[PDB]
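Going down the list, the protein sequences come from chains AY, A4, AD, AK, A1, AC, AG, AZ and AH.
Residue numbers for the first sequence follow the deposited numbering, so the first one is 317 and each next one is one higher.
Numbering-wise, the second sequence is residues 88 to 163, 202 to 231, 237 to 562, 572 to 656 according to the deposited numbering.
Residue numbers for the third sequence follow the deposited numbering, so the first one is 88 and each next one is one higher.
Residue numbers for the fourth sequence follow the deposited numbering, so the first one is 28 and each next one is one higher.
Residue numbers for the fifth sequence follow the deposited numbering, so the first one is 49 and each next one is one higher.
Residue numbers for the sixth sequence follow the deposited numbering, so the first one is 36 and each next one is one higher.
Numbering-wise, the seventh sequence is residues 70 to 183, 196 to 396 according to the deposited numbering.
Residue numbers for the eighth sequence follow the deposited numbering, so the first one is 54 and each next one is one higher.
Residue numbers for the ninth sequence follow the deposited numbering, so the first one is 102 and each next one is one higher.
Using N, Cα and C, we set each Cβ at its ideal position, and we do this for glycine too.
First up is the structure itself, then whatever we jot down about it.
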Amino acid sequence: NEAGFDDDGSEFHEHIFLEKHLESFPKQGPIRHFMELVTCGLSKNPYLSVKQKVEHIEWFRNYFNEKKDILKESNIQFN
Amino acid sequence: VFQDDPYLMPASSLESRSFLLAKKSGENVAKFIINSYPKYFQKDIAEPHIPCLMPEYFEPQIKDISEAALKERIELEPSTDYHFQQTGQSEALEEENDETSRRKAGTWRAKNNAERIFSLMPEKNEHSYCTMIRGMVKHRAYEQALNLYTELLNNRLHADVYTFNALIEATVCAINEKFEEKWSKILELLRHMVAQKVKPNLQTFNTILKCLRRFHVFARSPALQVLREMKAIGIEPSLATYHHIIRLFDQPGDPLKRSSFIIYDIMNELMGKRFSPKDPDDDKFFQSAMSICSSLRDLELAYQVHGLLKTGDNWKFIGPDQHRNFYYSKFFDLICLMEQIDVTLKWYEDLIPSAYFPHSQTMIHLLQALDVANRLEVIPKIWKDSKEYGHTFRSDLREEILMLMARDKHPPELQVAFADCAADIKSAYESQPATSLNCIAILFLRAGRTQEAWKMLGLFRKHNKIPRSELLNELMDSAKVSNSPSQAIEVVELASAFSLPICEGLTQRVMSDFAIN
Amino acid sequence: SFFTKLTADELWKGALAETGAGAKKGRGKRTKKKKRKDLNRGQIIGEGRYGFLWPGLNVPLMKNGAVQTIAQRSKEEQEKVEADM
Amino acid sequence: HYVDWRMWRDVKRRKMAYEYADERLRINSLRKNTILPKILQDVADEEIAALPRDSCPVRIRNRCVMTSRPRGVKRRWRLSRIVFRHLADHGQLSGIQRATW
Amino acid sequence: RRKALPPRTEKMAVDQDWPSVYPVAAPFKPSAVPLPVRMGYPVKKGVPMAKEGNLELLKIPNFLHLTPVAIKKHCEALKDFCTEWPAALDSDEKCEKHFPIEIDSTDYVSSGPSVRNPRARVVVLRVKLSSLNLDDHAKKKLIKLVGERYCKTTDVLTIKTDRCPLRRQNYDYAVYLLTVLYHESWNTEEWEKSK
Amino acid sequence: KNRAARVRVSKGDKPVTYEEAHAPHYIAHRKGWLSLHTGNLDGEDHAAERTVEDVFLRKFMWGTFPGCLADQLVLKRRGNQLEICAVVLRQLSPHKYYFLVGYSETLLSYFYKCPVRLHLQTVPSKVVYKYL
Amino acid sequence: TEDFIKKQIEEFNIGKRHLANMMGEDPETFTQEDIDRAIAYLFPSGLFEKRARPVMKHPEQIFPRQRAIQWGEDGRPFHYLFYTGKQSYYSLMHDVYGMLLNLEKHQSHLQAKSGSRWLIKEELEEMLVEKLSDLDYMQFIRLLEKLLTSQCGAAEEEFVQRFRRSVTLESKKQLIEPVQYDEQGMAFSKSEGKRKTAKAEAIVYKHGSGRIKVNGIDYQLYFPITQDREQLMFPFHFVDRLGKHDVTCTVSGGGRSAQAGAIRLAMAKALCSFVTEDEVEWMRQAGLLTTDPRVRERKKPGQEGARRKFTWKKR
Amino acid sequence: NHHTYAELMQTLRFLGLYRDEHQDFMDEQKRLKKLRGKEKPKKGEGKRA
Amino acid sequence: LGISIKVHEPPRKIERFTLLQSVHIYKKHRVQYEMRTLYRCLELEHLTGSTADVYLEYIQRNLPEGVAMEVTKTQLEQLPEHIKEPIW
RNA sequence: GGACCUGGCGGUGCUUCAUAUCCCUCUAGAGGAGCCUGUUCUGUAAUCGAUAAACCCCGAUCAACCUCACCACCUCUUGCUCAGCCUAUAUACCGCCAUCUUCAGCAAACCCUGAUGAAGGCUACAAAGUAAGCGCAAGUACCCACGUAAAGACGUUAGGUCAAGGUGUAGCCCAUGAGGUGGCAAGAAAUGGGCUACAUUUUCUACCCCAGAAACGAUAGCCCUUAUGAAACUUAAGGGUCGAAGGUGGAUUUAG
DNA sequence: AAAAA
Ligand SMILES: [Mg+2]
Ligand SMILES: [Mg+2]
Ligand SMILES: [Mg+2]
Ligand SMILES: [Mg+2]
Ligand SMILES: [Mg+2]
Ligand SMILES: [Mg+2]
């Protein structure tokens with residue numbers, strides 16, 4: 317059941333350990349909570365590849381960095 | 088390769104060829120209708136993705152490019206368009222996927243294109259000269275080949291073996307009583323290869339041997355020398371040179387077979403065990419060896435051919451269809467004329483029942499071998515197969531099968547011969572004939588049936604020919620030994636009306652049968 | 088709505104309507120009657136309206152011991168066979 | 028050549044929902060969240076409402092691929108109830124036999 | 049036009065090999081089978097179908113290619129690609145004392161060219177904890193961190209792992225999880241004293 | 036009056052075979068199924084696509100051969116195999132038969148992306164079992 | 070027709086030869102049972118009807134018996150009673166009437182000088210390959226019964242027994258459970274039982290007191306209802322073995338009444354090992370050593386429940 | 054994509070590689086209706102004719 | 102070959118569903134269908150890797166089209182690299 | 001008009017039967033209360049068929065949005081498939097079926113009798129029926145040989161469905177065809193079916209029926225919340241106080 | 001209200 321679809325020859329550290337893809341985010345706050353939630357959601361997903369996970373992560377990052385006025389008015393800072 | 092249902096079984100070589108050609112035409116039209124509409128065979132559903140499930144493309148993929156567009160138009202009215210595009214966009218045509226394609230497609239146009247490319251661009255000279263020589267070898271040109279060889283030698287580069295082979299072939303093709311010329315050319319080629327630090331290839335030696343064998347009748351020594359030089363280079367020699375040497379020795383070796391035996395031994399030493407792919411005609415040498423063994427009644431060459439055929443690697447066993455059928459017929463004739471009847475039956479079961487039907491000489495030899503060893507029972511199937519595989523010698527085969535029983539007397543368990551004779555007579559009558576009718580009447584009279592013999596006599600008496608003297612005497616005796624001289628009177632009338640030699644004797648016999656009996 | 092083209096006999100039985108309740112009580116007149124003709128009769132195996140020569144169907148296969156190249160009919164022969172039909 | 032329009036509209040909506048799926052997934056993820064201020068949820072709802080119709084998995088209607096029947100269609104072999112029994116009585120579905128207990 | 053050819057019933061012999069006639073699982077061609085077998089529901093006064101044109105013999109898969117001598121020859125010809133079982137692993141007790149780690153596999157089948165299976169990604173790891181170096185506090189902490197994924201009777205650690213399409217990645221992830229479990233059992237944190 | 040795929044009896048001039056002279060309540064008793072695959076069992080996916088491919092293959096085989104099928108089609112889905120078990124009447128030339136067989140094999144192998152080998156069964160006339 | 074029969078016979082013979090040759094056996098030691106086994110093995114037919122099985126036995130059994138022509142080339146019938154339609158039946162009737170007359174004459178001369198069933202119409206028409214009716218069959222049966230009343234010798238005895246079959250067995254006696262000894266276990270026996278989906282296994286112990294252990298604990302905690310206690314006491318009271326056996330049981334699945342009945346049946350079947358056969362016969366003839374086939378029937382579609390239908394309105 | 058299958062069936066019927074009896078019956082009925090005297094009008098003619 | 106297995110039969114599962122018979126008001130007449138799916142699994146024991154591969158190849162080379170296949174292999178493993186006395 | 005034959009019918013006669021059928025009779029239900037879902041109606045521009053034994057939680061195993069074959073407003077004419085209509089016809093069909101039908105005959109081809117008329121052909125202590133197929137039986141499956149399931153024709157109802165799916169006729173194809181938004185799903189009154197109750201054989205704490213206590217239950221309506229959905233107006237459930245009418249239903253009916 | 005070399 318692995319002849320052909322081998323996930324581009326990846327291992328387990330690229331599917332489980334996803335901490336190396338979160339740099340433009342804080343450490344303690346609701347934004348970090350949402351990032352950890354979406355990371356845990358993408359981790360236990362054997363249907364999508366790691367590239368699509370990185371694409372979703374960077375899209376969410378760009379979406380949160382675009383609408384900065386609401387994050388500033390939410391009585392908190394965004395990193 | 089075909090099916091297994093009884094109604095669609097191949098009965099002869101014609102049916103097999105027709106079925107194979109129909110399958111090939113179906114595959115071709117399927118590929119054509121797929122290439123016509125590529126948008127209907129792209130939605131894949133498989134997983135391993137078979138690479139042989141994608142049609143090829145022939146339209147160009149580059150418009151603003153030059154060399155890439157020309158290559159895509161040549162490789163992937203196409204060659205001329207690619208040449209025009211390369212001349213318009215100023216694209217230098219290389220020696221690969223250009224000159225060879227132009228020579229294979231279009237041979238004055240290819241030569242003109244090569245000359246224009248050489249005059250407008252001066253890149254590699256050795257490859258261009260080799261391509262020009264290869265293109266001129268198929269167009270009969272010796273001066274162009276010599277000029278290409280001189281250019282390749284003066285271009286400070288290693289001369290290709292293909293150009294030298296083409297030049298040797300063009301020089302030895304129309305040879306008129308050339309004996310030392312081939313040896314001088316071989317010596318010059320060897321000297322050039324030693325000076326350029328290069329070894330001779332097997333294809334060039336095979337071509338030289340073929341050109342030497344296709345000139346004189348007794349020129350097997352140069353072919354043998356070329357084969358030995360090709361085999362002593364390090365690898366095995368080509369089978370084409372051995373086949374040409376065997377064919378040249380079989381024409382002049384009518385008194386002795388030493389040259390044929392030497393050629394067969396050389397072919398077995400060059401290609402006898404593992405079928406190594408390195409020639410263009412590997413089955414020709416095997417077919418020639420089998421024919422020589424069948425003509426000379428040899429037991430070692432035939433055994434070697436049978437062992438090197440399909441027992442280890444089915445490659446040099448059958449090159450086509452006619453050659454395979456001829457080899458099978460020769461093997462069957464050899465097995466029938468060499469051993470007794472067991473080997474003949476084994477050959478007929480492993481060849482005549484596994485490949486296709488027979489021809490005329492092989493069928494006659496099989497019938498003679500079966501009659502010489504008392505085996506007259508399956509003559510109707512053989513006659514039907516001979517008639518299906520050939521509507522010309524069917525009457526001759528039927529006559530030869532009926533003559534084995536039309537001369538003997540009546541026995542007790544000889545009904546198979548009578549049935550075969552009746553089947554042959556029916557097949558000859560239902561085909562499209573005085574001798575055949577006389578033979579059928581003689582067989583029916585010698586069988587044992589009275590009504591069948593009378594019907595055969597009545598059918599043969601209307602063919603503008605009466606029976607023989609022995610048949611007429613037997614009919615008169617049977618009429619006199621039955622209290623009815625009507626048959627004798629009818630035979631006498633038919634002999635006197637058809638202007639035959641038996642007249643007075645037949646009349647006297649009829650009078651005696653009417654008076655006494 | 089595509090996979091619905093059944094057999095020809097089914098379509099003929101549905102169009103002629105010879106197995107109804109009106110043929111046993113005299114509800115219809117004898118003048119009103121639809122006959123049936125054979126549509127698949129003069130069509131050889133592999134007969135198209137464009138004109139493609141089939142070596143294994145239309146034209147003979149082995150032509151004097153050779154193979155015929157798969158070609159294509161023009162327009163004059165197509166008009167000829169259409170007029171013949 | 029087809030004769031129906033509802034089947035074509037449904038397959039167009041299926042294709043548009045397959046194409047427009049990541050954006051709807053992200054909007055639905057931004058929706059169901061107790062955290063995060065309400066302004067982002069409101070603007071996400073406005074954006075998902077401003078999108079044109081005929082591009083949503085809600086409008087997916089499980090019909091038949093042979094008859095295009097709206098109601099009464101199995102989700103296993105993707106067909107209605109009459110074609111199923113028809114091809115079962117004809118004898119194409121192996122194992123699917125009439126219940127005799 | 050029209051012709052006629054005799055079948056293979058009266059053409060073959062009797063002392064002939066059987067697998068040489070039907071090698072692959074052929075759909076039973078009434079030609080080379082000299083067995084006039086009749087299958088079908090007959091009528092009160094009549095004769096049922098024989099072998100020619102028999103739909104029952106064509107639908108039901110025939111088992112004439114598994115000749116006993118052919119099966120024996122196939123089993124004997126495959127002895128070159130076999131490995132003898134060691135005598136040190138005959139009893140289950142020695143196998144459990146030597147190799148106490150079991151890795152299951154899920155390989156199914158699908159009808160058609162489709163090879164991918166969504167149910168072929170689970171690889172349960174069954175490791176018996178009766179042979180590892182586990183003391184008291186470490187074993188208690190391991191049991192507390194596991195919870196309900198450990199049997200209290202057979203003492204076999206059952207952990208379900210399925211977070212990737214492949215299987216070796218899940219195996220490596222389970223090995224790493226077991227390694228972290230064994231590492232944390234020998235460590236004491238600040239809130240462990242207030243148990 | 037519940038009538039299925041059976042043949043209605045009228046007089047005595049309808050040569051029916053064994054497939055058309057049986058009711059659907061005798062399939063698993065005195066009949067059987069034409070095709071056979073693992074898609075219908077419980078717990079297995081890829082079934083609607085298989086049924087669509089089967090009905091398309093049946094329509095294609097019935098449309099390409101005008102009346103050359105004396106009965107139906109017996110398909111066998113064995114992993115990556117599509118064996119056709121059809122019958123062809125003895126009314127045409129064997130060369131055209133082999134041509135059509137090769138064309139159908141090539142078309143099916145290039146369309147369904149699966150190796151296909153055809154196996155024909157020549158019948159001298161139309162199949163018949165009773166005069167129902 | 071006979072040529073086709075001979076062709077089928079020779080085809081069966083050559084098929085048997087080829088099968089015995091391919092099976093690695095001998096053509097002489099390949100009986101019909103081996104033929105049937107090889108046919109059932111090589112042809113795995115997946116149907117429920119036994120007539121739709123690969124049958125290739127003797128050719129005369131599958132093909133119908135062709136009735137021979139009773140007239141030759143001259144056109145005269147062979148038998149004397151042919152211009153009727155029923156030749157064999159009337160011939161047998163005439164023969165048996167002649168036998169009756171001979172028996173009457175022999176009985177008159179002697180006076181002066183002083196388990197199995199019969200045949201059916203189906204068997205008669207299959208033996209004499211001639212279709213008949215019912216009234217003639219009744220007449221023949223009454224004639225045979227009248228013949229059986231009068232005296233007859235051994236010749237007439239075998240003559241009337243030729244047209245006589247044999248009934249099957251009628252012994253419906255119970256089976257005595259063997260006394261099993263497992264590591265010092267006198268008076269030990271096990272049995273089974275099922276009633277409305279309820280599997281129970283009873284272990285009869287004679288060297289005990291007067292209580293039943295159900296799944297380790299007693300039967301009072303598991304069966305608080307008096308109905309189960311009465312159903313368990315009924316077998317002990319019917320055999321007069323109340324406070325003398327400390328049996329144990331283990332039931333799983335089913336409700337209270339189902340498990341109670343299963344345990345009762347298991348105990349009744351187990352108590353047939355330490356008592357005579359007369360008592361177990363008395364138990365069987367009183368409703369004990371028998372199964373209860375009252376299984377819940379399936380529900381029918383279009384109705385309300387099994388036998389209850391919807392309110393069918395008339396107007 | 055039923056459109057691809059429909060186009061494939063159409064191009065197989067046009068080239069004679071597929072004998073579609075239903076479409077032939079439809080064409081025959083259309084030809085009979087046009088020959089009877091009730092055919093399809095041209096592009097832009099009918100109600101205002 | 103030398104595998105020594107046994108024989109057993111798991112319980113069967115039959116699926117039955119109720120569907121309509123006609124197309125209009127005909128609810129009192131229903132037609133149901135079954136789905137017979139038996140189970141026959143073996144138990145291969147004491148087999149190496151090459152022997153198991155050869156057995157699987159022999160099973161797949163003669164696998165009919167009317168049945169399925171569920172391969173559940175349990176391999177062996179001694180101890181990983183970090184299980185003895187490892188400190189991160 | 002007289003005479004003969006068949007069918008239907010006779011509140012037409014004799015005999016034998018109806019095993020849930022007729023009571024003498026047994027059990028559970030509708031018709032009496034509320035809600036939901038079908039018919040018709042009310043103002044509106046807001047759908048179609050069924051509408052007597054053989055039809056109603058009917059086509060639907062889903063009317064919020066596609067699912068609306070209904071309408072209003074804004075547009076298009078290869079108008080989207082080399083075409084088509086979701087316009088009207090089952091009183092043109094194929095196909096899927098229904099009570100009669102909980103059965104025993106339908107019945108290719110001959111012979112005889114009504115002087116060779118429409119027709120009929122029965123008698124076993126026998127005065128003219130043998131007879132291809134269909135129907136029961138014969139058979140498959142569940143616990144067998146009981147029973148159940150599954151089968152059950154020729155025809156009647158111009159019976160249901162042209163809106164399972166295809167097809168025949170009339171009309172259009174600068175339209176009855178197609179692309180976007182909204183509305184028709186609220187009750188003056190007549191009506192079939194299903195669900196919830198009508199006491200001490202009921203209910204609560206816990207308990208899967210050795211206890212204790214209260215001399216039975218919620219439709220609908222108000223607010224909020226939870227899971228999904230682009231939007232909660234009825235569909236699923238829960239929380240908070242209030243909560244109809246009913247101390248066993250008459251003519252008229254069904255199942256066991 | 002007669003019968004695709
Ligand atoms: Mg019915
Ligand atoms: Mg409309
Ligand atoms: Mg109508
Ligand atoms: Mg029934
Ligand atoms: Mg029955
Ligand atoms: Mg109606």
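### Task
Compare the C-alpha of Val-90 (chain AC) against each of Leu-69 (chain AC), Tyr-61 (chain AC) and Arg-113 (chain AC) and name the closest.
Translated into positions along the sixth sequence, residue 90 (chain AC) becomes position 55. Checked all of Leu-69 (chain AC), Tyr-61 (chain AC) and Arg-113 (chain AC); the closest Cα to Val-90 (chain AC) is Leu-69 (chain AC).
### Query
Any heavy atom of ligand 1 closer than 8 Å to the Cβ of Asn-37 (chain AC)?
Numbered from its first residue, the sixth sequence carries residue 37 (chain AC) at position 2. Checking the Cβ of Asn-37 (chain AC) against ligand 1 gives yes.
### Task
Answer yes or no: does any C-beta atom of chain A4 fall closer than 9 Å to that of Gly-138 (chain AD)?
For this step, residue 138 (chain AD) is matched to residue 51 along the third sequence. No, no contact with chain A4.
### Message
With a threshold of 9 Å between beta-carbons, can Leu-111 (chain AG) be considered close to chain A1, or not?
### Response
As a working note, residue 111 (chain AG) is residue 42 in the seventh sequence. Chain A1, which has a Cβ nearer than 9 Å to the Cβ of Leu-111 (chain AG), makes this yes.
### Message
Cβ closer than 9 Å: which chain AK residues qualify as neighbours of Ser-88 (chain AD)?
### Response
Your numbering for residue 88 (chain AD) matches position 1 in the third sequence. Under the 9 Å cutoff, chain AK gives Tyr-29, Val-30, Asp-31, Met-34, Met-93, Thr-94 and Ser-95.
### Query
Roughly how many angstroms lie between the CA atoms of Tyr-458 (chain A4) and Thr-157 (chain AC), to the nearest whole one?
Here the question's residue 458 (chain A4) lines up with position 328 in the second sequence. Here the question's residue 157 (chain AC) lines up with position 122 in the sixth sequence. Near 30 Å, if we compare the C-alpha coordinates of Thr-157 (chain AC) and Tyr-458 (chain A4).
### Query
For the region 48 to 82 of chain AK, which residues have a CB atom closer than 7 Å to at least one CB atom of chain AY, in sequence order?
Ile-62, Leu-63, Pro-64, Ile-66 and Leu-67
### Task
Report yes if the CB atom of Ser-233 (chain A1) is closer than 9 Å to the CB atom of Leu-190 (chain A1), and no otherwise.
Against the fifth sequence, residue 233 (chain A1) aligns to sequence position 185. Against the fifth sequence, residue 190 (chain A1) aligns to sequence position 142. A contact, by the Cβ cut-off of 9 Å.
### Message
Contact criterion: CB-CB distance below 9 Å. Does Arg-162 (chain AH) meet it with respect to chain AG?
### Response
The residue you call residue 162 (chain AH) lines up with position 61 of the ninth sequence. So no, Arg-162 (chain AH) is outside the interface.
#### Entry: Rounded separation between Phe-221 (chain AG) and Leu-213 (chain AG) - CA only
Counting from 1 along the seventh sequence, the entry for residue 221 (chain AG) is found at position 140. Counting from 1 along the seventh sequence, the entry for residue 213 (chain AG) is found at position 132. Straight-line Cα distance between these residues: approximately 12 Å.
### Query
Helix, strand or coil: how does DSSP classify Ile-119 (chain AC) here?
Position 84 of the sixth sequence, counted from the start, is the residue given in the question as residue 119 (chain AC). Here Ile-119 (chain AC) sits in strand by DSSP.
#### Entry: Contacts of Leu-68 (chain AZ) in chain AD (Cβ-Cβ under 9 Å)
Indexing the eighth sequence from 1 puts residue 68 (chain AZ) at position 15. What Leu-68 (chain AZ) touches in chain AD: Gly-135, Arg-136, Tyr-137 and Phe-139.
### Query
If we ignore side chains and look at the alpha-carbon of each, how far apart do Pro-407 (chain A4) and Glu-114 (chain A4) end up?
Against the second sequence, residue 407 (chain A4) aligns to sequence position 277. Against the second sequence, residue 114 (chain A4) aligns to sequence position 27. Distance between the alpha carbons of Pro-407 (chain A4) and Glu-114 (chain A4): 27 Å.
### Task
For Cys-330 (chain AG), write down the residues that DSSP places opposite it in a beta bridge.
Stepping through the seventh sequence from its first residue, residue 330 (chain AG) is reached at position 249. Beta-bridge pairing links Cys-330 (chain AG) to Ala-283 (chain AG) and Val-295 (chain AG).
#### Entry: Residue-chain proximity (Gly-118 (chain AK), chain AC), Cβ-Cβ < 9 Å
Position 91 of the fourth sequence, counting from 1, holds the residue named residue 118 (chain AK). True, the Cβ-Cβ gap to chain AC drops below 9 Å.
### Query
Taking 9 Å as the CB-CB limit, is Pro-161 (chain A1) close to chain AY?
Locating residue 161 (chain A1) in the fifth sequence gives position 113, counting from the first residue. No, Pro-161 (chain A1) does not count as interfacial toward chain AY.
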